[PDB]
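Just add 8 to wherever you are in the sequence shown, counting from 1, and you've got this note's numbering.
Using N, Cα and C, we set each Cβ at its ideal position, and we do this for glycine too.
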Amino acid sequence: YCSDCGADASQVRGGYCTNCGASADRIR
């Protein structure tokens with residue numbers, strides 16, 4: 009999941025969360 013907004017990990021692309029724009033390292 010994204011620690012910043014809660015989105016599912018499958019929504020990360022190009023180094024960012026595609027919902028909130030968090031950097032890839034905010035994914036856990």
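Residue i (DSSP reduced to helix, strand or coil)
i     : result
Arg36 : coil
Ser31 : strand
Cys13 : coil
Residue i - partner residues in DSSP beta bridges
i     : result
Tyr24 : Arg21 and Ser31
Alpha-carbon to alpha-carbon, residue j and residue i
i     : j     : result
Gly29 : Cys10 : 10 Å
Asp12 : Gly22 : 17 Å
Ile35 : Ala17 : 7 Å
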